[PDB]
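Here is how the chains run, residue by residue.
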Amino acid sequence: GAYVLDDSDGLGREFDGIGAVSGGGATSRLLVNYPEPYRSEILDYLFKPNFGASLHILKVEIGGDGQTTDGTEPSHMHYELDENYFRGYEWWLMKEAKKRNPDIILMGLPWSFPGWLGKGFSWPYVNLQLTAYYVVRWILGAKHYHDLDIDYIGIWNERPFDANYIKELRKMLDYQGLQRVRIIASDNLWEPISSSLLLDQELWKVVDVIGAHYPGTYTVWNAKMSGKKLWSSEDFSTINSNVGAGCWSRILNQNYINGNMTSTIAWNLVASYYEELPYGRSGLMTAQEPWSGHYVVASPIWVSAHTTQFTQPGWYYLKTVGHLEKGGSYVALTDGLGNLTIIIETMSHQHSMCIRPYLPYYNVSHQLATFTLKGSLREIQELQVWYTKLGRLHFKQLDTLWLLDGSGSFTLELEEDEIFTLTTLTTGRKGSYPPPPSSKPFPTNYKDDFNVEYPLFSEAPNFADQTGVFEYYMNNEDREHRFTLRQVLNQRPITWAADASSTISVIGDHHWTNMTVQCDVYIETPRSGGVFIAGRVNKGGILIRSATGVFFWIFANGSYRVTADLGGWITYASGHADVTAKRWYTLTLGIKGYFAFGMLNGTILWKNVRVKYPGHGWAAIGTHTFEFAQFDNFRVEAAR
Ligand SMILES: *[C@@H]1O[C@H](CO)[C@@H](O[C@@H]2O[C@H](CO)[C@@H](O)[C@H](O)[C@H]2NC(C)=O)[C@H](O)[C@H]1NC(C)=O
Ligand SMILES: *[C@@H]1O[C@H](CO)[C@@H](O[C@@H]2O[C@H](CO)[C@@H](O)[C@H](O)[C@H]2NC(C)=O)[C@H](O)[C@H]1NC(C)=O
Ligand SMILES: *[C@@H]1O[C@H](CO)[C@@H](O)[C@H](O)[C@H]1NC(C)=O
Ligand SMILES: OC[C@H]1NC[C@@H](O)[C@H]1O
Ligand SMILES: [Ca+2]
């Protein structure tokens, strides 16, 4: 009936912010080659204050060269003695975020590590000091090369932690003058990190935040006992339709109400990766067409705004938050300066299902809510009102509510799937740019000669690495092939996912059925080396080992194979070929209906080879194992 909002008996927990994840893996891959002004507009919708999502927190993957869900991300240390702080796009993303919002909170976390750290094993805790050294170098580089202060460092995403590692990382940070950097652990479940902190005083002193993944709005007793800040350091991960926006809306409120969590961070920031990769379109918005410029400002963007535009890190929750009598919830926050924000959600079960977990049915029906301000809140007599309805009307501002009659009280009629924000703040704004170009398929004719002398990014556009890492490469010794694309991993990473045994980068339109793919290739390893081109590649990311399609391989021992699968278990054709190492060859692969053919230097090597049909997928290039190889003058023609 009536809900008392008071602060006279004190406040609840400090609010730490709302944010999102870029990474785990290659989720921002397709954003970097958006043309202007669209790329800038997209970043504004995400990071610009008082405009769109206005995010408080940005969390990025610390690339380790392994596959980490929708691709691989490059590391700052590919090999021992290698350091480079200009690979990939997370540096760039963090800088764009800081330009728009200097107060944004930055976090780094590893998913995978380069193999050389394991010293023969695939384990990051063999040499604690070395792994900490690797991680701390990343934090230093962010400062020295991009003027970025990293606020939080994590351990190993959804993977076991090592208590001695966490202690060494703290020791190492301090040694490098990074006392300011805080540690969050362990980006997995509540246990065993929570009990470990109660049993080990030394561990407790070095962990600042307990971050848990997909907690279902609840926490556990040991985490409450620790007295640490508790965050949902990864949540959401749901398609950004209205139902994903509902999920996001409900948990933003109820993570604090049910679980004492004072921050929630969504995976992922923006869907800039091919939709047919795992968890397609699971970002706060969509930008998966840099060639057309088309992007979609999805419902979750405005759901966020209901909290982010009217709260800041350092505000406090009121003690008086809770559930509504007939479904839904409410939270309230102040800044200690006279401001008050009230956020109300009535998301129904049918329209707010998250993928993890799925909630047992709960009823939500029409109701009346009376709110009464007490304590310092009593003198408030004016409140701005923002409204959203999911089904649809987004972040529309309504008429001001006045509490002039001295009752410090007001009443709202609530229905299902609504959000209300009531605040004393006048700065709210539904940001708006003109509509972007219409959606268009990947170009049916496409070419890249990789001839860029000073590239803005370390990899050519639209190539999404799914195992291994491909980079622009300048070779001054060669005139015809001075500027190529090169696979630079020479050993299997300490993996997060099940990376393939072969490296591979995919590109184009997953709908493609008929295609001709051409590329110049160069095998660097004598006798044992091999490369391939392919089409109809149907799976990537987490499932990259599963990929079928048509694969045209050549090897430096003088042979070729044609396979249905990346793993090379199923043969379509095979034979001998005039192929050696350290020599440029032109491969062509044509696939039409039931049949395929392959050319070596413009001459037929095999043709009319039966392949599975119907079938569809991307084009791709790659190498037999983790080995150096170069690629040049890529072209693809295809019918969708
Ligand atoms: C964590 O939040 C929970 C809410 O889920 C708090 O537990 C109590 O909640 C009930 C109603 O759910 C209130 O009537 C109690 O007053 C709350 N407890 C106290 C001590 O006030 C709990 O307080 C929170 N825990 C911490 C450590 O902040
Ligand atoms: C609500 O918040 C605003 C913004 O934080 C407060 O306004 C600021 O007040 C400080 C001093 O208290 C000034 O230094 C800033 O320049 C002000 N900024 C703006 C944008 O006005 C305001 O005092 C808070 N309280 C109320 C009742 O509005
Ligand atoms: C939900 O609640 C309303 C009002 O109490 C009731 O009429 C309706 O039958 C309920 N539905 C379910 C599925 O419980
Ligand atoms: O829900 C899937 C997400 N969890 C970890 C992140 O990398 C994604 O795989
Ligand atoms: Ca070239």
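Residues numbered from 1 in each chain as written, not as in the entry; some residues may be left out. Chains lettered and ligands numbered in written order. Heavy atoms only, no water. Residues with missing side-chain atoms left out of burial classes, pairs and counts.

### Focus: the UniProt feature "active site" in the protein chain
Feature annotation in UniProt places "active site" on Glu158 and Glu234, given in this structure's numbering. For the annotated residues, spread through 77 residues, the largest C-alpha to C-alpha distance comes to 10.0 Å, consistent with a single compact locus. Of note, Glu158 is situated in the loop between strand 6 (152-153) and helix 4 (163-175). When its relative accessible area of 26% is taken as the criterion, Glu158 is described as partly exposed. Beyond its immediate chain neighbours, meaning those up to four positions away, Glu158 contacts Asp187, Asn188, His213, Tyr214, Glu234 and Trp496. With respect to the helices, strands and loops of the structure, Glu234 is situated in strand 9 (residues 229-236). Assessed through its relative accessible area of 5%, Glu234 is described here as buried. Among all residues touching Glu234, those that are not within four sequence positions of it are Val21, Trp111, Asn157, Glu158, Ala212, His213, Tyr214, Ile265 and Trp267. Within polar-contact distance, the side chain of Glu234 engages the side chain of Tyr214 at 2.7 Å. (UniProt positions renumbered as here; feature names shortened; annotations may be inferred. Helix = DSSP H or I, 4+ residues; strand = E, 2+ residues; numbered from the N terminus. Buried < 20%, exposed > 50% of the residue type's maximum accessible area, 1.4 Å probe, protein only. Contact = heavy atoms within 4.5 Å. Polar contact = N/O pair within 3.5 Å; in protein donor to acceptor, adjacent residues only side chain to side chain.)

### Topic: the site of ligand 1
Taken together, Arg13, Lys224, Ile257, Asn258 and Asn260 form the complete shell of residues around ligand 1. Contact between ligand 1 and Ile257: an oxygen atom at 3.1 Å from a main-chain N or O atom of the residue. With respect to ligand 1, the side chain of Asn260 contributes an N or O atom lying 2.2 Å from an oxygen atom. For ligand 1, whose accessible area on its own is 570 Å², the fraction buried by protein is 27%. Counted by class, the shell around ligand 1 contains one nonpolar, two polar and two charged residues. (Near = heavy atom within 4 Å. Areas by Shrake-Rupley, 256 points an atom, 1.4 Å probe, with all protein chains shown as cover. Nonpolar A, V, L, I, M, F, W, Y, C, P; charged D, E, K, R; others polar.)

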